[PDB]
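Just below is one structure, and these are the notes that go with it.
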Amino acid sequence: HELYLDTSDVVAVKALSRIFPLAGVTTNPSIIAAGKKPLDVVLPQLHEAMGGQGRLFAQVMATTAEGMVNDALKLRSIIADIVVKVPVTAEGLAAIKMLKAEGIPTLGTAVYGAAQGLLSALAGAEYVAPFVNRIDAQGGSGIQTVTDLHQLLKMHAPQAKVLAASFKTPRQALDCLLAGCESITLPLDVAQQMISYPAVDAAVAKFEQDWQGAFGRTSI
Amino acid sequence: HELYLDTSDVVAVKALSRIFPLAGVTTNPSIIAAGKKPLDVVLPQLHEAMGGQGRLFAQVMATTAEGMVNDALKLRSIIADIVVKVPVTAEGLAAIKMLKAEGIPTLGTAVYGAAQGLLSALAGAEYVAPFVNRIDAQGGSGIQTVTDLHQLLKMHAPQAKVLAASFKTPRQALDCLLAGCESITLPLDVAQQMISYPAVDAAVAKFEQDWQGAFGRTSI
Amino acid sequence: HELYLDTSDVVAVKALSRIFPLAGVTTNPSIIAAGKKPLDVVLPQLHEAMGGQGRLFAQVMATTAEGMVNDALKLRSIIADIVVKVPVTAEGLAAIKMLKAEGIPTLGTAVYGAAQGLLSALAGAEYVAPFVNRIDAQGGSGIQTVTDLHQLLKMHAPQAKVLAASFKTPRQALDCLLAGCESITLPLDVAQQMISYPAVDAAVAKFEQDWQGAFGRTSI
Amino acid sequence: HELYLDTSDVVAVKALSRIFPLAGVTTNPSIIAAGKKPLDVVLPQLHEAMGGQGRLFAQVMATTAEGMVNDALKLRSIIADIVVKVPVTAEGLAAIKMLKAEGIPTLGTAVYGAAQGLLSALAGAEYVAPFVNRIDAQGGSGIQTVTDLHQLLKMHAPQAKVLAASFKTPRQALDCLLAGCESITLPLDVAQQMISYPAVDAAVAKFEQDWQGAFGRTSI
Amino acid sequence: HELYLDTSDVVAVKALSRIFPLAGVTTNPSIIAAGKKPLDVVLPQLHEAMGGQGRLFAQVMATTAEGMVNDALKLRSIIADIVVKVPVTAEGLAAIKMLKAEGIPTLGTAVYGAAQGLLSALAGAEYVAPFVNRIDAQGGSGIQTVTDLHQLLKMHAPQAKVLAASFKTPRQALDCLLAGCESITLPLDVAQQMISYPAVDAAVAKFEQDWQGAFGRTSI
Amino acid sequence: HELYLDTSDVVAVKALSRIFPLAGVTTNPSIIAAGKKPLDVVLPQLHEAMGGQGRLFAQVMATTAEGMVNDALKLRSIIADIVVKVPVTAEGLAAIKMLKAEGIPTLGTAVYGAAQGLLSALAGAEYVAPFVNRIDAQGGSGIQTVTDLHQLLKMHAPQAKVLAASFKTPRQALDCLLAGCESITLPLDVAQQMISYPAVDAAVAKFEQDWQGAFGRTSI
Amino acid sequence: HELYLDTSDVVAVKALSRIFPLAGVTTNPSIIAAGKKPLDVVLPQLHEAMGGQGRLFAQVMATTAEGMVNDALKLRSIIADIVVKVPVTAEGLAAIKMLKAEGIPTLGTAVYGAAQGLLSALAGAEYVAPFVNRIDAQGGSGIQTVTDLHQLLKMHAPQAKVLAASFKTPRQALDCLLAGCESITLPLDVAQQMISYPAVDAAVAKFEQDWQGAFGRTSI
Amino acid sequence: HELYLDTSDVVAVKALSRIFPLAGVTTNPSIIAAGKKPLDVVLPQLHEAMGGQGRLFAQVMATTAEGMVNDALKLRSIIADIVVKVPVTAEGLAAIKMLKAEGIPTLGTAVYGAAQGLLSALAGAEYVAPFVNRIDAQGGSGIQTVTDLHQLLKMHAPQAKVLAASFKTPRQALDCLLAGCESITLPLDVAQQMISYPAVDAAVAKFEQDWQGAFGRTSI
Amino acid sequence: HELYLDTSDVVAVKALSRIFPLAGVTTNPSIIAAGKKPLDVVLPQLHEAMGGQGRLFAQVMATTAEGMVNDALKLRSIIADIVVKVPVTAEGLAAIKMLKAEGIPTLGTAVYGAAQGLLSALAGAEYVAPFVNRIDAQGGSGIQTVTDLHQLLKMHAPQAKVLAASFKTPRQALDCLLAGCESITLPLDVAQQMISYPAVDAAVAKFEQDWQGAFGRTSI
């Protein structure tokens with residue numbers, strides 16, 4: 001299972017990569033925009049922040065298949081083995097097929113339906129990223145979509161993996177993991193919430209109080 | 001999984017084969033009637049429009065076993081590796097057995113019931129095509145029939161695949177895929193709907209706007 | 001239970017209203033556009049065509065809540081007891097509240113999610129119309145949306161009825177009815193398929209043949 | 001719950017009405033044909049065979065709404081309180097609405113799907129008769145159709161009752177009763193199997209033996 | 001809920017009526033035979049053993065409907081308010097109808113199937129008695145039969161009660177009660193198991209030991 | 001719903017009756033033994049500790065029905081409206097029937113089975129106390145037993161209430177309430193656990209800091 | 001999956017063996033009796049009607065295990081590789097063991113319960129034949145019995161196959177196939193029903209019409 | 001799957017081992033005591049009765065681990081390969097661990113709970129015997145216990161088999177077999193009921209009568 | 001499956017290692033504090049207490065990753081093969097990654113949630129210990145958290161095992177085992193309840209009573 005962070009915040013990635021068992025960081029155009037740094041500056045920083053271990057993902061911007069292949073080659077010239085994120089549209093699907101023939105690994109992104117995502121993997125995509133919370137927020141069911149998509153990949157494009165994305169609460173992430181997703185990517189707020197619990201803090205305090213009361217110190 | 005288009009529209013096959021990961025094209029007598037081009041013109045054109053790769057399917061017209069065998073041989077003379085569709089009637093099953101002995105691959109078509117379809121597989125058919133929407137329209141459950149047929153094939157004639165057909169809405173297609181169908185064929189309108197979503201377009205546009213507002217353009 | 005037809009086809013309505021037990025006819029801007037006749041012509045024609053009894057529905061076009069109220073009055077001056085369809089947007093909801101205050105019955109239309117539909121009913125709408133097939137086509141579940149919405153109205157706004165719309169197959173209509181919808185509107189093709197079955201025609205033929213064989217005729 | 005026999009066999013009805021708690025007898029054109037007696041001979045005989053209590057059902061033959069209404073008037077001239085069975089086709093539904101207005105009670109017959117049956121009740125029919133074994137035999141699920149239909153009537157047309165018909169086995173009738181059918185009609189063979197079981201016979205014989213062993217006789 | 005003992009053991013009934021909240025006693029030809037006293041001796045003895053309160057049941061022996069009516073009268077002349085058990089056969093159903101007309105309450109017995117039981121209720125029986133263990137022993141499901149029967153009575157003959165019988169283990173009785181049976185009749189051994197439990201005895205023992213330990217005494 | 005504490009600890013009753021909305025206090029022979037005070041001391045103390053309102057329960061010790069009735073009379077002379085707990089054994093049932101005849105309200109205790117519990121209710125008991133944790137601890141399902149018993153009472157002895165008891169953890173109590181128990185009794189440790197949560201304490205703390213940071217104090 | 005016909009109709013077997021993918025034919029004493037020809041005549045004829053291929057099955061008549069072993073030898077002397085059918089009684093099970101030791105394949109028949117059926121498999125039987133419609137007719141559940149038996153064989157005697165028998169409707173056969181039966185035998189009417197559907201004939205007719213309208217003939 | 005008889009009746013084991021496919025015989029102290037013959041007489045007789053094949057089981061009587069090991073040695077000296085039944089108590093578990101080390105195969109008996117059963121397997125037992133009817137009779141669920149226990153063995157101690165025991169009805173045995181029990185032991189009465197059915201007898205009779213009417217006799 | 005005791009009580013461990021099939025002993029700060037002996041004393045005592053076999057666990061006390069690695073080394077200097085328990089907090093996850101790098105096996109403890117526990121396993125932990133009763137006490141579901149966690153490990157970090165902990169009743173332990181936990185640790189009170197049952201004692205006592213009555217003694 002591959003655990004990613006969904007960020008362009010370099011300091012934070014360095015800090016958190018000491019703590020989480022990270023496979024990498026994922027970026028998209030809004031996340032890069034919010035971080036304000038260009039791709040040829042931020043992607044090398046992110047790579048270094050994880051100590052050179054850790055895969056990166058980044059997204060094409062062009063609107064035609066040909067244009068998307070060009071963006072892919074420019075991303076690959078910034079990070080040699082980066083996975084290229086292609087939105088699963090008509091032109092996107094065509095681009096994924098072309099990038100497949102070129103041997104450039106892809107992720108099919110902006111997935112709002114299971115069938116849509118299955119198509120991206122049949123076209124060659126190695127990862128498929130449904131936008132869980134966008135589906136949830138727009139009256140759907142992000143979790144049914146992810147559940148359906150994972151089943152479809154496993155039955156019909158078994159080499160492709162679900163990389164679940166777009167999260168406002170850890171419950172969503174938990175539900176995706178229970179559906180069997182082989183990869184996930186968390187924004188910083190959800191990831192910090194996932195390792196910080198008042199009940200856990202109280203259990204540790206209690207262990208410390210009982211040790212203190214019996215041996216007169218909180219150390220071993 | 002083998003994704004097929006259910007059509008005799010050559011130009012549209014050419015444009016879409018660049019986008020979808022097609023395994024080929026299916027035709028039936030109605031679909032051929034609609035294109036108004038005879039078999040010996042349209043099938044070669046369809047073969048070409050997908051670069052000579054991918055299977056074609058086409059259906060017999062005769063009513064007797066022997067007549068259907070003769071139709072199969074006529075079809076094979078036009079496209080040497082074509083898969084021959086045979087309606088699953090009494091004479092149809094007889095024909096399917098005959099063609100199996102001749103080494104000619106068949107598909108049991110016009111399947112309105114799960115047992116009916118299984119009989120076509122036990123007789124030698126390599127594909128079985130239930131008419132999902134016809135079953136739905138006529139007061140049954142297309143999806144239950146498909147669910148059942150896939151199970152019956154996997155348990156009892158495991159060399160045969162379901163080729164789900166007859167569709168008015170992508171949901172029907174999704175549900176067939178969720179039920180494990182190893183192949184499927186889509187009319188052009190349903191396929192186009194399966195890759196075009198307002199929510200996805202709106203997501204892409206948001207990615208563009210954010211990139212614009214940060215960097216001043218929408219490329220790279 | 002109130003059964004409607006979703007159409008601007010006047011000849012078809014008159015003919016079908018002697019067959020189906022209609023509560024009325026629903027229209028929307030696309031349906032009106034396709035019939036080509038303006039509102040002040042078709043709406044009276046449709047009212048007469050169905051017997052001068054039963055409800056009509058028609059839709060505002062304006063973008064602001066104040067504009068939508070104006071449209072409601074324009075609709076009422078053509079058909080005095082007409083139900084005004086209002087898309088369930090922000091401005092739409094403000095318009096529903098104003099129209100509830102004016103004593104003018106509304107329907108909340110262009111509903112793609114269950115909570116959204118519930119808001120229209122809480123604002124004052126008497127009917128709420130989910131676009132079943134649109135939701136199906138766009139990768140969601142129209143039936144789950146309808147199921148949820150009906151539950152929500154019964155629990156939380158029990159005076160409001162679901163009016164299920166947007167159908168490509170009778171199965172979708174069946175499932176809406178099984179989920180409890182107290183009204184529904186069918187396009188003509190789905191409606192005709194709902195009363196025409198090969199298996200039924202064959203039953204009736206057999207009854208006629210058997211009667212023929214025993215009494216030398218086909219009449220009573 | 002109304003229990004009917006589906007027969008034109010007068011001798012049998014008279015024998016079996018002594019045993020079964022019958023509400024009446026249903027007929028159809030095939031059942032009447034098989035008995036070879038015309039309607040004006042057999043309906044009064046059937047009415048008498050069950051002691052002049054309990055309802056009779058018989059079916060129109062005509063093809064137009066107007067003809068079906070005349071047929072209904074003829075049947076009523078023979079049996080003044082008879083329920084008129086109308087096939088649920090387009091012209092049939094038109095006939096049912098007309099007979100509603102004439103105050104003549106109807107049953108919607110030849111139902112092969114749930115939506116179909118419900119339309120008949122919304123048109124005015126008091127009973128709706130799905131053909132269970134016909135649905136079963138033709139690849140559907142007779143029980144699901146009946147289960148669905150009964151729900152639809154309870155929710156949407158609560159004045160109407162399902163009258164389940166067409167049985168080859170008691171299990172079918174059982175499942176119809178469990179789905180909640182407020183009436184049912186049984187052919188003679190299935191009805192007889194419903195009251196004769198080897199296990200029961202063996203229990204009754206055992207009682208007699210034990211009795212005899214203790215008291216020297218099998219009476220009292 | 002009416003709780004009965006299934007026995008002719010007069011001494012045991014006197015002892016147990018003091019302990020169980022009994023509605024009465026059920027008998028059948030095998031149980032009467034096992035007790036060896038004739039009906040005109042045991043029945044009044046059983047009646048007295050319960051303080052002259054509580055319903056009795058006893059079974060007819062004759063094989064014709066007319067004969068069973070006479071048995072019913074003989075039993076009523078021994079115990080005036082006795083409920084008459086009639087095996088649910090063709091002649092039994094006949095008898096049940098005639099006894100309904102006489103105003104003599106009946107129970108349909110030797111029920112091995114749900115539909116069979118419903119018929120007895122539709123004919124007039126106030127109680128219906130499935131032979132649970134008999135059904136279980138002969139490769140069916142006695143609890144399924146009971147569950148189905150109760151549902152069938154509640155829907156279709158709501159004045160009739162299930163009186164579940166034939167038990168080899170308290171688990172069968174529990175399941176019958178959970179299924180809703182409004183009455184039940186236990187053999188002595190199963191009834192005694194229902195109120196004697198090692199875990200209960202150890203809980204009572206424990207209470208006593210704690211009381212001893214604190215107060216030097218086991219009385220209050 | 002009636003919530004009780006299961007204890008003879010007057011200090012704790014006084015403290016917790018201020019906090020919980022108690023209907024009263026339950027005692028059993030082990031609970032009394034552990035408090036070491038005789039019944040004529042502790043029962044009036046407990047009564048006073050809850051404000052002189054709410055119900056008390058105490059348990060008999062005799063092993064015969066007559067002895068148990070005597071124990072009941074003594075208890076009532078100590079506390080005039082006390083509910084008398086009778087272990088549900090053979091003699092216990094007899095005693096419950098007797099106490100019903102005296103107009104003294106009883107509770108059936110030491111219930112390790114659903115059917116045993118039901119018998120106590122049929123005999124006259126107003127409360128039935130299954131030993132949830134004893135059943136759990138001894139390899140059954142206390143929750144299944146409670147679930148079953150509540151349903152049996154509601155179907156068959158609707159005047160009686162389950163009073164769930166014997167808990168080591170709040171989850172057990174929670175599940176009893178979810179099963180519909182109309183009353184329950186908590187030992188002290190579980191009751192305290194049910195109102196003290198680290199996560200709640202953290203939320204209140206956070207509310208205080210936010211208030212502080214904005215208004216320079218933690219008071220209102 | 002082995003599909004068989006349940007018949008002694010030589011002519012029909014010859015006709016139907018051209019259509020169905022048969023593994024052979026089954027017979028039983030009633031089927032042989034109905035066709036009137038003795039075993040030494042009909043069995044070789046049935047063998048010939050299938051062109052020397054496909055298994056045959058026939059049944060012993062003897063009361064005793066030794067007698068059944070003899071009958072098994074007279075049968076093998078008529079058809080060398082015939083599978084011998086043995087009713088699953090006490091003596092039948094004794095015989096199944098003997099024939100297992102002698103290397104003569106058997107089928108346990110007249111199975112009305114799953115336990116019973118399993119026993120026959122453990123004793124040696126390669127096939128087990130539940131009588132599906134007999135169980136349905138007599139108030140049980142033929143399908144549950146079959147579902148249980150298949151699971152029992154796959155868990156506890158994995159070399160033995162269910163061969164489902166006794167059908168009055170295709171639905172029953174279907175449900176046996178869905179439960180996983182590795183063999184099935186159908187009476188002629190059910191098998192004919194399984195390949196003739198009005199909806200299928202109507203789909204074929206429409207293919208012909210569309211083809212006619214476009215190309216001016218119905219032939220390819 | 002290993003089928004055992006639960007008995008010390010030597011004559012009965014001889015007759016029934018001809019009929020059932022027995023893997024052996026189980027005994028316990030109550031069963032041995034009822035037969036009134038000491039271990040060293042009856043064990044060799046049961047061995048001889050099944051014909052020298054067949055595993056025997058017998059139970060230790062001592063209260064301490066050490067004594068139970070001596071009892072094991074004495075049993076093994078009567079029957080060299082006997083499997084030794086040890087009650088799953090504290091001292092029993094200790095004995096099971098000792099006997100594992102000695103290479104003496106054990107069965108953990110008197111199991112009334114799943115966890116208990118598992119512990120015995122983890123300690124070394126090859127079989128675990130839940131007391132199904134005892135659990136049922138004492139207000140639990142024997143089948144649930146067995147279902148759970150089997151799952152626990154297959155997950156956590158896959159060498160160990162469940163040997164289900166204590167039956168009053170065949171349904172209990174059927175349900176243990178459906179839950180996957182790899183062995184089972186039946187008392188004589190329940191075993192005999194499992195091969196004798198009125199419905200089966202009546203099927204055999206009908207086959208005989210049909211054969212008679214066609215060929216003048218009942219023999220082949 | 002690995003069964004542990006959760007205790008620092010050396011004498012009890014010596015006595016219980018003879019009964020239970022223990023894989024070892026788990027400690028934590030509160031458990032060590034309760035026993036009042038320092039780590040360097042009690043841990044060698046516990047290791048001896050189980051005859052020098054079997055694994056041990058103990059917990060770090062430091063608040064920082066660096067400190068936790070140091071404690072780990074102290075712990076390892078006392079017992080060489082000890083498994084180090086680290087609480088799953090931010091610093092704890094960091095510590096676990098470092099410890100995986102040192103080749104020191106770890107367990108993630110104070111797990112109050114499924115996703116939290118999966119992170120520890122992904123960081124390198126070999127065991128993950130949910131606090132079942134703490135989650136249950138604090139208003140969640142301890143069983144659901146374990147069920148989820150085990151699924152997560154089995155799908156996403158399959159080298160890691162659940163070691164369930166924190167029990168107040170045997171039911172909780174049973175359910176964790178049914179969810180498939182590959183290891184468990186029981187406090188002394190719960191473990192003793194798991195091997196002591198009144199029902200079992202009563203069944204053994206009945207065995208001795210029957211044995212005595214037939215052979216004049218309670219020994220073999």
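Residue numbering restarts at 1 in every chain; chains get A, B, ... in the order shown in the structure tokens, and ligands count up from 1 in that same order.
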
May I have a table of the residues of chain D lying at most 9 Å from chain E, giving each one's closest pair of atoms and their distance in Å to one decimal, counting only C-alpha atoms, ordered by chain and ascending residue number, as a tab-separated table?
```
residue	atom	partner	partner_atom	distance
D:1	CA	E:156	CA	5.1
D:2	CA	E:156	CA	8.7
D:3	CA	E:122	CA	8.9
D:16	CA	E:90	CA	8.9
D:17	CA	E:94	CA	8.9
D:18	CA	E:94	CA	5.9
D:19	CA	E:94	CA	4.4
D:20	CA	E:93	CA	6.8
D:21	CA	E:123	CA	5.2
D:22	CA	E:123	CA	8.9
D:170	CA	E:115	CA	8.5
D:173	CA	E:115	CA	8.4
D:174	CA	E:115	CA	6.1
D:177	CA	E:152	CA	6.9
D:178	CA	E:152	CA	6.3
D:180	CA	E:155	CA	6.8
D:181	CA	E:156	CA	8.7
D:182	CA	E:156	CA	7.2
D:192	CA	E:90	CA	8.7
D:194	CA	E:116	CA	6.3
D:195	CA	E:89	CA	6.0
D:196	CA	E:89	CA	6.7
D:197	CA	E:112	CA	8.3
D:199	CA	E:112	CA	7.3
D:200	CA	E:110	CA	6.1
D:201	CA	E:89	CA	8.3
D:203	CA	E:110	CA	6.7
D:204	CA	E:110	CA	7.4
D:206	CA	E:30	CA	8.0
D:207	CA	E:29	CA	5.5
D:208	CA	E:29	CA	7.3
D:209	CA	E:30	CA	8.5
D:210	CA	E:30	CA	5.5
D:211	CA	E:33	CA	5.4
D:212	CA	E:33	CA	8.3
D:213	CA	E:33	CA	7.8
D:214	CA	E:33	CA	5.4
D:215	CA	E:33	CA	7.5
D:218	CA	E:61	CA	7.0
D:219	CA	E:61	CA	5.5
D:220	CA	E:61	CA	5.8
```

- Message: Please identify the strand (DSSP E or B) residues within segment 82-120 of chain G (assignment by DSSP from backbone atoms) and present them as a list in words.
- Response: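 Strand (DSSP E or B) members of segment 82-120 of chain G, listed: residues 83, 84, 85, 86, 87, 106, 107, 108, 109, 110 and 111 of chain G.
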
Now that the selection is made, can you save its residues with N, CA, C and O atoms as a short mmCIF file (atom, residue, chain, number, x, y, z; two decimals), in the first residue's frame?
```
data_model
loop_
_atom_site.label_atom_id
_atom_site.label_comp_id
_atom_site.auth_asym_id
_atom_site.auth_seq_id
_atom_site.Cartn_x
_atom_site.Cartn_y
_atom_site.Cartn_z
N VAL G 83 -24.69 -45.78 -15.51
CA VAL G 83 -24.64 -45.44 -14.09
C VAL G 83 -25.92 -45.97 -13.43
O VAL G 83 -27.01 -45.73 -13.94
N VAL G 84 -25.77 -46.68 -12.32
CA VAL G 84 -26.89 -47.35 -11.67
C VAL G 84 -27.55 -46.47 -10.60
O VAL G 84 -26.87 -45.99 -9.69
N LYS G 85 -28.86 -46.26 -10.72
CA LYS G 85 -29.58 -45.38 -9.79
C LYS G 85 -30.15 -46.18 -8.64
O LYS G 85 -30.84 -47.17 -8.86
N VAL G 86 -29.89 -45.73 -7.41
CA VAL G 86 -30.29 -46.45 -6.21
C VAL G 86 -31.10 -45.55 -5.29
O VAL G 86 -30.60 -44.52 -4.87
N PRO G 87 -32.35 -45.93 -4.96
CA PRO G 87 -33.09 -45.09 -4.02
C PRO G 87 -32.37 -44.98 -2.68
O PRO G 87 -31.87 -45.99 -2.18
N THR G 106 -22.64 -45.23 -9.29
CA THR G 106 -24.04 -45.16 -8.88
C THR G 106 -24.51 -43.73 -8.73
O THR G 106 -23.72 -42.80 -8.73
N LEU G 107 -25.81 -43.58 -8.59
CA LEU G 107 -26.44 -42.31 -8.31
C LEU G 107 -27.46 -42.60 -7.23
O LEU G 107 -28.24 -43.55 -7.36
N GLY G 108 -27.44 -41.78 -6.17
CA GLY G 108 -28.44 -41.85 -5.11
C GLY G 108 -29.64 -41.02 -5.53
O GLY G 108 -29.49 -39.83 -5.78
N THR G 109 -30.80 -41.64 -5.63
CA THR G 109 -32.02 -40.99 -6.12
C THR G 109 -33.13 -41.04 -5.07
O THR G 109 -32.96 -41.61 -3.97
N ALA G 110 -34.27 -40.46 -5.43
CA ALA G 110 -35.43 -40.30 -4.54
C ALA G 110 -35.02 -39.55 -3.29
O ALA G 110 -35.45 -39.87 -2.20
N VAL G 111 -34.19 -38.53 -3.48
CA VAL G 111 -33.68 -37.72 -2.37
C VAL G 111 -34.65 -36.56 -2.12
O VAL G 111 -34.91 -35.74 -3.01
#
```

- Which of chain E counts as alpha helix (DSSP H) under DSSP, as number ranges by chain please? E: 10-17, 29-35, 39-49, 65-78, 90-102, 114-123, 132-137, 142-156, 170-178, 188-193, 198-215
